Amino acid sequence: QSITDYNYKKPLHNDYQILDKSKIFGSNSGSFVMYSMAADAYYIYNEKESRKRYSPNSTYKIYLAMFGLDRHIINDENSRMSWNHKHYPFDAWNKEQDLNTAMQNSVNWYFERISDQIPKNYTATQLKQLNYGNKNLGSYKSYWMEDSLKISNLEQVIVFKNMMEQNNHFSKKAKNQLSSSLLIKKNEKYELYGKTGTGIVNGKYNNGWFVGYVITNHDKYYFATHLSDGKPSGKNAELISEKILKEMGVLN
């Protein structure tokens, strides 16, 4: 909307390292950002592109889940929601959900039902405290889905790291419940947590995301891949993230 709604220009006062992951990105365009907790350092492929703000799409379900937990819309004993019989094109959406199944299968209606219960003033307060991108709530409907609210790839990392790692307003039990819903892979070497997002505009992919974090025995890393062109889907952003993280030594 405004002059600053499409970019993040705040300096990184940290140590940062330029990466070249162009061979992994291939015919896709976008950026990758990682932050290491132990190093207090950022690692960025395509820094210019990492500061452009895009709709977060389904990655904002991270924040809707945290808000839903914070406001006691869902909890640790019961995060179940019944299906209202509206037919969806995916069978995984046509059934009862809890936080885990909704996050895993990116069930939009579950998060929409959460958002409907959240008053605009609370969201505005939270996006301000979190420094969430352009903080633009617009019409306040599905404002995170190809709409007013935009965030950069660099901000996806900073905002998620700060939300989880600072001693703040969100409880440890909420943070733990969200983490459980985001767990993708666990083995002897690492735990990988994350969430995809895919935007579709006029039948074409236009905006792919995979935002998450890795816990190893030595460190914790927050990361995000954004795709703006080529085949810009969440699925592809996840594949790219895994290839990059592997090369960097984060996954062993």
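Start at 1 with the first residue shown and count on from there.
The stretch 118 to 126 shows the higher mean C-alpha B-factor when 118 to 126 is compared against 151 to 159 in the entry.
Annotation for 183 to 191 versus 54 to 62: the higher mean temperature factor (C-alpha) is found in 183 to 191. Residue set 143, 111, 83, 132: peak C-alpha B-factor at 83 (per PDB entry). Among the modelled residues of the chain, residue 203 sits in the highest third by CA temperature factor in this PDB entry. Ranked against the other modelled residues of its chain, the C-alpha B-factor of residue 226 as given in the entry falls in the lowest third. Residue 26 sits in the highest third of its chain by CA B factor, as recorded in the PDB entry. Ranked within its chain, residue 136 lands in the middle third, by CA B factor from the PDB record. In this PDB entry, residue 46 carries a Cα temperature factor that places it within the highest third of its chain's modelled residues.
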